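Numbers for residues simply follow the sequence, beginning at 1.
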Amino acid sequence: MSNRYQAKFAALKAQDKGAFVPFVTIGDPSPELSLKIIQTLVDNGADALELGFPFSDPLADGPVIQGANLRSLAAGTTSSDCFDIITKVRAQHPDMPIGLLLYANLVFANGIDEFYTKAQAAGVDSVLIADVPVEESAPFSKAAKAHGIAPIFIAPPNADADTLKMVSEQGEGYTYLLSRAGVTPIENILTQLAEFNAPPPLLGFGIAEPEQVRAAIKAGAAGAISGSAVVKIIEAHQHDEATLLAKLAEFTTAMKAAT
């Protein structure tokens with residue numbers, strides 16, 4: 001559990017509400033639009049943000065997200081733009097938790113200390129390295145802690161209690177489940193995390209629809225992270241700004257409404 005994340009989850013708890021956490025790759029379809037994209041997400045009910053840095057070969061992602069990374073690289077987005085965007089969003093929203101979803105090789109190219117200091121100054125709250133597995137993470141967790149930041153981990157779908165136990169100890173802000181809950185198993189995995197004092201679990205796989213947000217909470221998750229489904233909106237309207245934002249706002253409000 002960590003700084004902005006705790007406070008948000010304490011407030012959602014008193015509200016008796018789940019967390020709706022949208023994900024976008026920063027700079028897609030371009031830096032300026034990406035920024036208003038993010039803004040709209042927040043103005044329409046996002047409880048936390050999950051942000052990718054653009055990366056050419058995102059080996060843990062499918063076509064949709066692959067699409068966004070390559071759009072952001074093509075629009076010419078740089079690390080510095082990414083960090084610029086994050087810093088603007090922080091100043092506009094002092095309390096909104098911000099998470100980064102990143103590829104190791106992305107970090108190492110910047111230099112680990114170089115990257116996490118930049119993240120700290122921009123005001124990021126957690127970093128998840130998608131392609132490194134709990135057991136290999138020290139260099140990154142170690143960096144996360146020295147710079148005020150939460151190392152976040154994934155509990156993968158096949159996960160066994162030992163793994164799940166170290167996901168739980170390691171392990172701050174929230175825990176990412178690469179799973180979803182069925183609309184009307186998961187409950188087992190949740191219970192195991194709850195009894196390990198895991199940070200609050202967000203179901204993050206294939207969440208696209210409000211009924212799925214609804215079901216996730218109903219199974220004991222603290223909330224849902226939705227990735228591809230958002231990006232899909234972006235791709236459908238990358239050349240029409242006003243339809244993009246409109247339909248993005250509508251989507252957040254509907255998805256949030258089911259928390």
Does the [X] side chain pair with the main chain of [Y], one donor and one acceptor, at a distance under 3.5 Å?
X      : Y      : answer
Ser137 : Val134 : yes
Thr77  : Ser72  : yes
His147 : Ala143 : yes
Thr252 : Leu248 : yes
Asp131 : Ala104 : yes
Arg180 : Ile186 : no

Residue pairs, two or more places apart or on separate chains, that pass side-chain hydrogen bond (donor to acceptor under 3.5 Å, both in side chains) and touch [range]:
range          : result
residues 37-54 : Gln39-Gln92, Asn44-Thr253, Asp47-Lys256, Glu50-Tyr174
residues 13-35 : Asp28-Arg71
residues 51-68 : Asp61-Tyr103

**Request:** Run the ring-centre check on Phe83 versus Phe53 and record whether the distance is less than 6.0 Å.
**Result:**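 They qualify: ring centres under 6.0 Å apart.
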**Asked** Looking at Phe108 versus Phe140, is the centre-to-centre ring distance below 6.0 Å?
**Response** yes
Nearest atoms (heavy-atom pairs only) where [X] meets [Y]:
X      : Y      : result
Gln238 : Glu235 : CG-O, 3.5 Å
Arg90  : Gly123 : NH1-O, 2.7 Å
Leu203 : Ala181 : CD2-N, 3.9 Å
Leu202 : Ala222 : CD2-C, 4.1 Å
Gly173 : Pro199 : C-CB, 4.0 Å
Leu33  : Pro29  : CD1-CG, 3.6 Å

**Prompt:** Is the number of heavy atoms from other residues, nucleotides or ligands within 6.0 Å of NZ (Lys145) greater than 12?
**Reply:** yes
Any chance you could measure [X], atom [atom1], to [Y], atom [atom2], to the nearest 0.5 Å?
X      : Y      : atom1 : atom2 : answer
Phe205 : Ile225 : CZ    : CD1   : 13.0 Å
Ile149 : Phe115 : CD1   : CZ    : 8.0 Å
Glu172 : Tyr5   : CD    : OH    : 11.5 Å
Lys247 : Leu245 : NZ    : CG    : 12.5 Å
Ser126 : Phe153 : OG    : CZ    : 11.0 Å
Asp113 : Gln120 : CG    : CD    : 10.5 Å

**Asked** Going by an N to O cut-off under 4.0 Å, is there a salt bridge joining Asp160 and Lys165?
**Response** no
**Request:** Salt-bridge test for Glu241 and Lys36: reply yes if a basic N is under 4.0 Å from a carboxylate O, no otherwise.
**Result:** yes
**Polar side chain donor-acceptor pair, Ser168 to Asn197, under 3.5 angstrom** = no
**Message:** Can you see whether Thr78 engages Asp81 through a side-chain donor-acceptor pair at a distance of less than 3.5 angstrom?
**Reply:**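 Present: a donor and an acceptor within the cut-off.
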Identify whether [X] and [Y] are in the same connected component of the hydrophobic contact network (ILVMFWY, side-chain heavy atoms under 4.5 Å).
X      : Y      : result
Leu51  : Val107 : yes
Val89  : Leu101 : no
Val231 : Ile37  : no

**Item:** Evaluation steps, side-chain contact (heavy atoms from CB on, under 4.5 Å), between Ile154 and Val167
**Value:** CA-CA 7 Å; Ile154 283 159; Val167 157; over 6 Å; no
**Request:** Share the residues that join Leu12 in a hydrophobic cluster, the rule being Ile, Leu, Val, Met, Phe, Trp or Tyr side chains under 4.5 Å apart at the heavy-atom level.
**Result:**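 Its cluster partners, ordered by chain and number, are none at all.
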**Prompt:** Residues in ring-ring contact (aromatic ring centres under 6.0 Å, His included) with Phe20, at least two apart?
**Reply:** none
Just list the side-chain donor-acceptor pairs under 3.5 Å for residues 189-196, sequence neighbours left out, or say none.
unit_1: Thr191; atom_1: OG1; unit_2: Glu187; atom_2: O; d: 2.8

**Message:** I'd like to know whether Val24 forms a side-chain contact (heavy atoms from CB on, under 4.5 Å) with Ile38, so could you lay out the CA-CA distance, the side-chain angles of the two residues, the decisive distance to 0.1 Å, and finally the verdict.
**Reply:** CA-CA 8 Å; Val24 107; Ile38 288 139; 4.2 Å; yes
**Asked** What do the steps show when you test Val127 against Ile152 for side-chain contact (heavy atoms from CB on, under 4.5 Å), and what is the final call?
**Response** CA-CA 6 Å; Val127 168; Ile152 298 297; over 6 Å; no
**Item:** Derivation of the side-chain contact (heavy atoms from CB on, under 4.5 Å) call for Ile207 and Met255
**Value:** CA-CA 10 Å; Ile207 310 275; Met255 289 296 259; 4.2 Å; yes
